[PDB]
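Student: Okay, handing you the structure first.
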Amino acid sequence: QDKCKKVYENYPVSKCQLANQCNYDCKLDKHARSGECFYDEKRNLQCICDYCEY
């Protein structure tokens, strides 16, 4: 698979500064493995829920 992390759909960026938020939530709100706030070559942070990444 060319992907193993599902973006927490919407999710008000507001916070997105460190772990916890996306991490914890993903670790349960989406039965994921982990997560964190990330962006692309555009400057847009979102809560990424990781399914396969340690």
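The count begins at 1 with the first shown residue.
Technique stated in the header: solution NMR.
Here the Cβ of each residue, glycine as well, is placed from N, Cα and C on the backbone.
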Student: According to Swiss-Prot, which candidate among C49, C52 shares a disulfide with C26?
Tutor: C49
Student: Identify the disulfide partner of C16 as annotated in Swiss-Prot; candidates are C37, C47, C52.
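Tutor: Swiss-Prot says the disulfide from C16 goes to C37.
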Student: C22 has a disulfide partner in Swiss-Prot; which of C4, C47 is it?
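Tutor: Between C22 and one of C4, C47, Swiss-Prot records a disulfide, namely with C47.
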Student: By a simple count, how many Cβ atoms lie within 10 Å of the Cβ of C49 (disulfide bond), its own Cβ left out?
Tutor: 24
Student: Of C4, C16, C26, which of the disulfide-bonded residues has the most Cβ neighbours inside 10 Å?
Tutor: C26
